[PDB]
file work17.pdb (PDB, C-alpha atoms)
MODEL        1
ATOM      1  CA  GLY A   1       0.000   0.000   0.000  1.00  0.00           C
ATOM      2  CA  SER A   2       1.018   3.644   0.405  1.00  0.00           C
ATOM      3  CA  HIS A   3       1.491   5.838   3.480  1.00  0.00           C
ATOM      4  CA  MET A   4       0.885   9.082   1.555  1.00  0.00           C
ATOM      5  CA  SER A   5      -2.178   9.798   3.709  1.00  0.00           C
ATOM      6  CA  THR A   6      -2.538   9.560   7.491  1.00  0.00           C
ATOM      7  CA  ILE A   7      -6.032   7.963   7.187  1.00  0.00           C
ATOM      8  CA  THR A   8      -4.472   4.485   7.007  1.00  0.00           C
ATOM      9  CA  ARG A   9      -2.490   5.111  10.227  1.00  0.00           C
ATOM     10  CA  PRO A  10      -5.511   5.030  12.691  1.00  0.00           C
ATOM     11  CA  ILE A  11      -7.164   2.116  10.867  1.00  0.00           C
ATOM     12  CA  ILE A  12      -3.993  -0.019  11.045  1.00  0.00           C
ATOM     13  CA  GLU A  13      -3.588   0.828  14.750  1.00  0.00           C
ATOM     14  CA  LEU A  14      -7.208  -0.109  15.549  1.00  0.00           C
ATOM     15  CA  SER A  15      -6.664  -3.468  13.801  1.00  0.00           C
ATOM     16  CA  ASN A  16      -3.672  -4.288  16.023  1.00  0.00           C
ATOM     17  CA  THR A  17      -5.719  -3.325  19.094  1.00  0.00           C
ATOM     18  CA  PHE A  18      -8.543  -5.712  18.105  1.00  0.00           C
ATOM     19  CA  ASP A  19      -6.038  -8.579  17.836  1.00  0.00           C
ATOM     20  CA  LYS A  20      -4.623  -7.934  21.317  1.00  0.00           C
ATOM     21  CA  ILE A  21      -8.165  -7.826  22.747  1.00  0.00           C
ATOM     22  CA  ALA A  22      -9.098 -11.161  21.099  1.00  0.00           C
ATOM     23  CA  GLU A  23      -5.974 -12.831  22.535  1.00  0.00           C
ATOM     24  CA  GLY A  24      -7.049 -11.924  26.118  1.00  0.00           C
ATOM     25  CA  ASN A  25      -4.389  -9.220  26.603  1.00  0.00           C
ATOM     26  CA  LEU A  26      -5.619  -6.585  29.065  1.00  0.00           C
ATOM     27  CA  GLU A  27      -2.259  -4.760  29.295  1.00  0.00           C
ATOM     28  CA  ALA A  28      -2.091  -3.197  25.802  1.00  0.00           C
ATOM     29  CA  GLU A  29      -3.052   0.473  25.533  1.00  0.00           C
ATOM     30  CA  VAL A  30      -5.622   1.882  23.106  1.00  0.00           C
ATOM     31  CA  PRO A  31      -4.311   4.591  20.664  1.00  0.00           C
ATOM     32  CA  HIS A  32      -5.845   7.963  19.769  1.00  0.00           C
ATOM     33  CA  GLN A  33      -7.608   7.985  23.191  1.00  0.00           C
ATOM     34  CA  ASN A  34      -6.932  11.750  23.376  1.00  0.00           C
ATOM     35  CA  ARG A  35      -8.789  12.452  20.079  1.00  0.00           C
ATOM     36  CA  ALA A  36     -11.991  14.529  20.026  1.00  0.00           C
ATOM     37  CA  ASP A  37     -13.535  13.612  16.643  1.00  0.00           C
ATOM     38  CA  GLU A  38     -15.477  10.427  15.742  1.00  0.00           C
ATOM     39  CA  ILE A  39     -12.147   8.536  15.683  1.00  0.00           C
ATOM     40  CA  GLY A  40     -11.584   9.456  19.347  1.00  0.00           C
ATOM     41  CA  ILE A  41     -15.053   8.190  20.303  1.00  0.00           C
ATOM     42  CA  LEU A  42     -14.447   4.859  18.509  1.00  0.00           C
ATOM     43  CA  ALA A  43     -11.135   4.342  20.346  1.00  0.00           C
ATOM     44  CA  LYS A  44     -12.892   5.045  23.665  1.00  0.00           C
ATOM     45  CA  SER A  45     -15.444   2.321  22.832  1.00  0.00           C
ATOM     46  CA  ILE A  46     -12.621  -0.224  22.397  1.00  0.00           C
ATOM     47  CA  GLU A  47     -11.118   0.813  25.769  1.00  0.00           C
ATOM     48  CA  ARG A  48     -14.501   0.237  27.465  1.00  0.00           C
ATOM     49  CA  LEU A  49     -14.727  -3.300  26.047  1.00  0.00           C
ATOM     50  CA  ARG A  50     -11.163  -4.013  27.236  1.00  0.00           C
ATOM     51  CA  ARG A  51     -12.067  -2.926  30.783  1.00  0.00           C
ATOM     52  CA  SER A  52     -15.134  -5.202  30.823  1.00  0.00           C
ATOM     53  CA  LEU A  53     -12.947  -8.159  29.781  1.00  0.00           C
ATOM     54  CA  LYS A  54     -10.616  -7.556  32.740  1.00  0.00           C
ATOM     55  CA  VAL A  55     -13.567  -7.545  35.172  1.00  0.00           C
ATOM     56  CA  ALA A  56     -14.793 -10.886  33.778  1.00  0.00           C
ATOM     57  CA  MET A  57     -11.351 -12.474  34.166  1.00  0.00           C
ATOM     58  CA  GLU A  58     -11.164 -11.086  37.708  1.00  0.00           C
TER      59      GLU A  58
ATOM     60  CA  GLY B   1     -28.561  18.192   7.525  1.00  0.00           C
ATOM     61  CA  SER B   2     -26.208  16.108   9.671  1.00  0.00           C
ATOM     62  CA  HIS B   3     -28.779  13.306   9.819  1.00  0.00           C
ATOM     63  CA  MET B   4     -28.963  13.219   6.017  1.00  0.00           C
ATOM     64  CA  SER B   5     -25.193  12.696   5.843  1.00  0.00           C
ATOM     65  CA  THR B   6     -24.105   9.048   5.755  1.00  0.00           C
ATOM     66  CA  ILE B   7     -20.773   9.771   7.558  1.00  0.00           C
ATOM     67  CA  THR B   8     -22.422   9.443  10.984  1.00  0.00           C
ATOM     68  CA  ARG B   9     -24.446   6.309  10.052  1.00  0.00           C
ATOM     69  CA  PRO B  10     -21.483   3.788  10.240  1.00  0.00           C
ATOM     70  CA  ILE B  11     -19.898   5.322  13.346  1.00  0.00           C
ATOM     71  CA  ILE B  12     -23.220   5.244  15.243  1.00  0.00           C
ATOM     72  CA  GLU B  13     -23.777   1.616  14.183  1.00  0.00           C
ATOM     73  CA  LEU B  14     -20.289   0.553  15.335  1.00  0.00           C
ATOM     74  CA  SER B  15     -20.968   2.184  18.727  1.00  0.00           C
ATOM     75  CA  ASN B  16     -24.149   0.136  19.219  1.00  0.00           C
ATOM     76  CA  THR B  17     -22.228  -3.029  18.305  1.00  0.00           C
ATOM     77  CA  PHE B  18     -19.553  -2.309  20.948  1.00  0.00           C
ATOM     78  CA  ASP B  19     -22.271  -1.969  23.609  1.00  0.00           C
ATOM     79  CA  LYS B  20     -23.843  -5.325  22.715  1.00  0.00           C
ATOM     80  CA  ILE B  21     -20.398  -6.978  22.854  1.00  0.00           C
ATOM     81  CA  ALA B  22     -19.656  -5.502  26.315  1.00  0.00           C
ATOM     82  CA  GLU B  23     -23.000  -6.787  27.647  1.00  0.00           C
ATOM     83  CA  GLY B  24     -22.070 -10.401  26.705  1.00  0.00           C
ATOM     84  CA  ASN B  25     -24.497 -10.628  23.758  1.00  0.00           C
ATOM     85  CA  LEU B  26     -23.176 -13.045  21.129  1.00  0.00           C
ATOM     86  CA  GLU B  27     -26.387 -13.035  19.043  1.00  0.00           C
ATOM     87  CA  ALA B  28     -26.259  -9.485  17.609  1.00  0.00           C
ATOM     88  CA  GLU B  29     -24.991  -9.138  14.042  1.00  0.00           C
ATOM     89  CA  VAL B  30     -22.196  -6.805  12.934  1.00  0.00           C
ATOM     90  CA  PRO B  31     -23.158  -4.188  10.241  1.00  0.00           C
ATOM     91  CA  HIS B  32     -21.314  -3.279   7.031  1.00  0.00           C
ATOM     92  CA  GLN B  33     -19.772  -6.804   6.995  1.00  0.00           C
ATOM     93  CA  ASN B  34     -20.173  -6.816   3.187  1.00  0.00           C
ATOM     94  CA  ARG B  35     -18.125  -3.588   2.733  1.00  0.00           C
ATOM     95  CA  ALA B  36     -14.795  -3.624   0.869  1.00  0.00           C
ATOM     96  CA  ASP B  37     -13.137  -0.376   2.037  1.00  0.00           C
ATOM     97  CA  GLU B  38     -11.362   0.277   5.374  1.00  0.00           C
ATOM     98  CA  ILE B  39     -14.798   0.468   7.053  1.00  0.00           C
ATOM     99  CA  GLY B  40     -15.513  -3.114   5.935  1.00  0.00           C
ATOM    100  CA  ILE B  41     -12.202  -4.335   7.385  1.00  0.00           C
ATOM    101  CA  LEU B  42     -12.938  -2.641  10.741  1.00  0.00           C
ATOM    102  CA  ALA B  43     -16.378  -4.298  10.928  1.00  0.00           C
ATOM    103  CA  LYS B  44     -14.761  -7.691  10.248  1.00  0.00           C
ATOM    104  CA  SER B  45     -12.393  -7.083  13.186  1.00  0.00           C
ATOM    105  CA  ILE B  46     -15.365  -6.558  15.529  1.00  0.00           C
ATOM    106  CA  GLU B  47     -16.965  -9.803  14.257  1.00  0.00           C
ATOM    107  CA  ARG B  48     -13.745 -11.727  15.029  1.00  0.00           C
ATOM    108  CA  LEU B  49     -13.728 -10.422  18.615  1.00  0.00           C
ATOM    109  CA  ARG B  50     -17.395 -11.437  19.020  1.00  0.00           C
ATOM    110  CA  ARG B  51     -16.586 -14.990  17.883  1.00  0.00           C
ATOM    111  CA  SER B  52     -13.716 -15.267  20.388  1.00  0.00           C
ATOM    112  CA  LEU B  53     -16.075 -14.202  23.200  1.00  0.00           C
ATOM    113  CA  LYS B  54     -18.494 -17.015  22.312  1.00  0.00           C
ATOM    114  CA  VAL B  55     -15.673 -19.593  22.445  1.00  0.00           C
ATOM    115  CA  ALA B  56     -14.656 -18.375  25.922  1.00  0.00           C
ATOM    116  CA  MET B  57     -18.230 -18.621  27.218  1.00  0.00           C
ATOM    117  CA  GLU B  58     -18.507 -22.099  25.696  1.00  0.00           C
TER     118      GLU B  58
ENDMDL
END

call {"tool": "encode", "arguments": {"input": "work17.pdb", "output": "structure tokens"}}
result
Amino acid sequence: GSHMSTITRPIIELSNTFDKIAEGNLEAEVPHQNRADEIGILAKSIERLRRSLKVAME
Amino acid sequence: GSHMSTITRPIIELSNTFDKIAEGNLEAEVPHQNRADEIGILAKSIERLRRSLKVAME
């Protein structure tokens, strides 16, 4: 592919985050958490799901 | 105006999906699964996580 645009950057990062969640890793950090636009909200949603997983394992 | 725009439609749908996942619901379906662009790939990632949750419960 091409890294000419920064739109691919957040999408690739979110993909890696989903993998770590599926594997049962509750230590990885979610990216773009400090964003304000719709991308920021989506990242926050992932973080919420991660927290719920930790509670279940506990 | 904003409602007419389809930019908010996919983000809102993804949010609802995250909620259903957090609640332990493995019956809800993921939207935009048939998409080809980066949005389609992201939806597929959510579906994979949902499947993993079902395996853990079972």

call {"tool": "interface_residues", "arguments": {"input": "work17.pdb", "of": "chain B", "to": "chain A", "cutoff": "10 Å", "atoms": "all atoms listed in the file", "output": "list in words"}}
result
residues 7, 8, 11, 12, 14, 15, 16, 17, 18, 19, 20, 21, 22, 23, 24, 38, 39, 41, 42, 44, 45, 46, 48, 49, 50, 51, 52, 53 and 56 of chain B

call {"tool": "write_last_selection", "arguments": {"input": "work17.pdb", "atoms": "C-alpha atoms", "output": "tab-separated table (two decimals), keeping the file's coordinate frame"}}
result
chain	number	residue	atom	x	y	z
B	7	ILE	CA	-20.77	9.77	7.56
B	8	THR	CA	-22.42	9.44	10.98
B	11	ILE	CA	-19.90	5.32	13.35
B	12	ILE	CA	-23.22	5.24	15.24
B	14	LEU	CA	-20.29	0.55	15.34
B	15	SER	CA	-20.97	2.18	18.73
B	16	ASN	CA	-24.15	0.14	19.22
B	17	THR	CA	-22.23	-3.03	18.30
B	18	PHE	CA	-19.55	-2.31	20.95
B	19	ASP	CA	-22.27	-1.97	23.61
B	20	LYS	CA	-23.84	-5.32	22.72
B	21	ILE	CA	-20.40	-6.98	22.85
B	22	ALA	CA	-19.66	-5.50	26.32
B	23	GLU	CA	-23.00	-6.79	27.65
B	24	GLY	CA	-22.07	-10.40	26.70
B	38	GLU	CA	-11.36	0.28	5.37
B	39	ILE	CA	-14.80	0.47	7.05
B	41	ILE	CA	-12.20	-4.34	7.38
B	42	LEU	CA	-12.94	-2.64	10.74
B	44	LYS	CA	-14.76	-7.69	10.25
B	45	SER	CA	-12.39	-7.08	13.19
B	46	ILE	CA	-15.36	-6.56	15.53
B	48	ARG	CA	-13.74	-11.73	15.03
B	49	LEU	CA	-13.73	-10.42	18.61
B	50	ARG	CA	-17.40	-11.44	19.02
B	51	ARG	CA	-16.59	-14.99	17.88
B	52	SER	CA	-13.72	-15.27	20.39
B	53	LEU	CA	-16.08	-14.20	23.20
B	56	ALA	CA	-14.66	-18.38	25.92

call {"tool": "calpha_fit_rmsd", "arguments": {"input": "work17.pdb", "fixed": "chain B", "moving": "chain A"}}
result
1.1 Å

call {"tool": "atom_distance", "arguments": {"input": "work17.pdb", "atom1": "atom CA of residue 43 of chain A", "atom2": "atom CA of residue 30 of chain A"}}
result
6.6 Å

call {"tool": "axis_aligned_box", "arguments": {"input": "work17.pdb", "around": "segment 13-24 of chain A", "padding_each_side": "5 Å", "output": "lines of an AutoDock Vina configuration file"}}
result
center_x = -6.3
center_y = -6.0
center_z = 20.0
size_x = 15.5
size_y = 23.7
size_z = 22.3

call {"tool": "atom_distance", "arguments": {"input": "work17.pdb", "atom1": "atom CA of residue 26 of chain B", "atom2": "atom CA of residue 55 of chain B"}}
result
10.0 Å

call {"tool": "atom_distance", "arguments": {"input": "work17.pdb", "atom1": "atom CA of residue 10 of chain B", "atom2": "atom CA of residue 33 of chain A"}}
result
19.4 Å

call {"tool": "decode", "arguments": {"input": "work17.pdb", "residues": "chain B", "atoms": "C-alpha atoms", "output": "PDB file, in the first residue's frame"}}
result
ATOM      1  CA  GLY B   1     -28.561  18.192   7.525  1.00  0.00           C
ATOM      2  CA  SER B   2     -26.208  16.108   9.671  1.00  0.00           C
ATOM      3  CA  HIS B   3     -28.779  13.306   9.819  1.00  0.00           C
ATOM      4  CA  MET B   4     -28.963  13.219   6.017  1.00  0.00           C
ATOM      5  CA  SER B   5     -25.193  12.696   5.843  1.00  0.00           C
ATOM      6  CA  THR B   6     -24.105   9.048   5.755  1.00  0.00           C
ATOM      7  CA  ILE B   7     -20.773   9.771   7.558  1.00  0.00           C
ATOM      8  CA  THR B   8     -22.422   9.443  10.984  1.00  0.00           C
ATOM      9  CA  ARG B   9     -24.446   6.309  10.052  1.00  0.00           C
ATOM     10  CA  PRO B  10     -21.483   3.788  10.240  1.00  0.00           C
ATOM     11  CA  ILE B  11     -19.898   5.322  13.346  1.00  0.00           C
ATOM     12  CA  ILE B  12     -23.220   5.244  15.243  1.00  0.00           C
ATOM     13  CA  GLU B  13     -23.777   1.616  14.183  1.00  0.00           C
ATOM     14  CA  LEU B  14     -20.289   0.553  15.335  1.00  0.00           C
ATOM     15  CA  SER B  15     -20.968   2.184  18.727  1.00  0.00           C
ATOM     16  CA  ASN B  16     -24.149   0.136  19.219  1.00  0.00           C
ATOM     17  CA  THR B  17     -22.228  -3.029  18.305  1.00  0.00           C
ATOM     18  CA  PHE B  18     -19.553  -2.309  20.948  1.00  0.00           C
ATOM     19  CA  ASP B  19     -22.271  -1.969  23.609  1.00  0.00           C
ATOM     20  CA  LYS B  20     -23.843  -5.325  22.715  1.00  0.00           C
ATOM     21  CA  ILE B  21     -20.398  -6.978  22.854  1.00  0.00           C
ATOM     22  CA  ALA B  22     -19.656  -5.502  26.315  1.00  0.00           C
ATOM     23  CA  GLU B  23     -23.000  -6.787  27.647  1.00  0.00           C
ATOM     24  CA  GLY B  24     -22.070 -10.401  26.705  1.00  0.00           C
ATOM     25  CA  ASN B  25     -24.497 -10.628  23.758  1.00  0.00           C
ATOM     26  CA  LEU B  26     -23.176 -13.045  21.129  1.00  0.00           C
ATOM     27  CA  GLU B  27     -26.387 -13.035  19.043  1.00  0.00           C
ATOM     28  CA  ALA B  28     -26.259  -9.485  17.609  1.00  0.00           C
ATOM     29  CA  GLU B  29     -24.991  -9.138  14.042  1.00  0.00           C
ATOM     30  CA  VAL B  30     -22.196  -6.805  12.934  1.00  0.00           C
ATOM     31  CA  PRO B  31     -23.158  -4.188  10.241  1.00  0.00           C
ATOM     32  CA  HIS B  32     -21.314  -3.279   7.031  1.00  0.00           C
ATOM     33  CA  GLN B  33     -19.772  -6.804   6.995  1.00  0.00           C
ATOM     34  CA  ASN B  34     -20.173  -6.816   3.187  1.00  0.00           C
ATOM     35  CA  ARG B  35     -18.125  -3.588   2.733  1.00  0.00           C
ATOM     36  CA  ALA B  36     -14.795  -3.624   0.869  1.00  0.00           C
ATOM     37  CA  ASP B  37     -13.137  -0.376   2.037  1.00  0.00           C
ATOM     38  CA  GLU B  38     -11.362   0.277   5.374  1.00  0.00           C
ATOM     39  CA  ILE B  39     -14.798   0.468   7.053  1.00  0.00           C
ATOM     40  CA  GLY B  40     -15.513  -3.114   5.935  1.00  0.00           C
ATOM     41  CA  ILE B  41     -12.202  -4.335   7.385  1.00  0.00           C
ATOM     42  CA  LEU B  42     -12.938  -2.641  10.741  1.00  0.00           C
ATOM     43  CA  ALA B  43     -16.378  -4.298  10.928  1.00  0.00           C
ATOM     44  CA  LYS B  44     -14.761  -7.691  10.248  1.00  0.00           C
ATOM     45  CA  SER B  45     -12.393  -7.083  13.186  1.00  0.00           C
ATOM     46  CA  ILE B  46     -15.365  -6.558  15.529  1.00  0.00           C
ATOM     47  CA  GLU B  47     -16.965  -9.803  14.257  1.00  0.00           C
ATOM     48  CA  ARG B  48     -13.745 -11.727  15.029  1.00  0.00           C
ATOM     49  CA  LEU B  49     -13.728 -10.422  18.615  1.00  0.00           C
ATOM     50  CA  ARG B  50     -17.395 -11.437  19.020  1.00  0.00           C
ATOM     51  CA  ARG B  51     -16.586 -14.990  17.883  1.00  0.00           C
ATOM     52  CA  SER B  52     -13.716 -15.267  20.388  1.00  0.00           C
ATOM     53  CA  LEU B  53     -16.075 -14.202  23.200  1.00  0.00           C
ATOM     54  CA  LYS B  54     -18.494 -17.015  22.312  1.00  0.00           C
ATOM     55  CA  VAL B  55     -15.673 -19.593  22.445  1.00  0.00           C
ATOM     56  CA  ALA B  56     -14.656 -18.375  25.922  1.00  0.00           C
ATOM     57  CA  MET B  57     -18.230 -18.621  27.218  1.00  0.00           C
ATOM     58  CA  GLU B  58     -18.507 -22.099  25.696  1.00  0.00           C
TER      59      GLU B  58
END
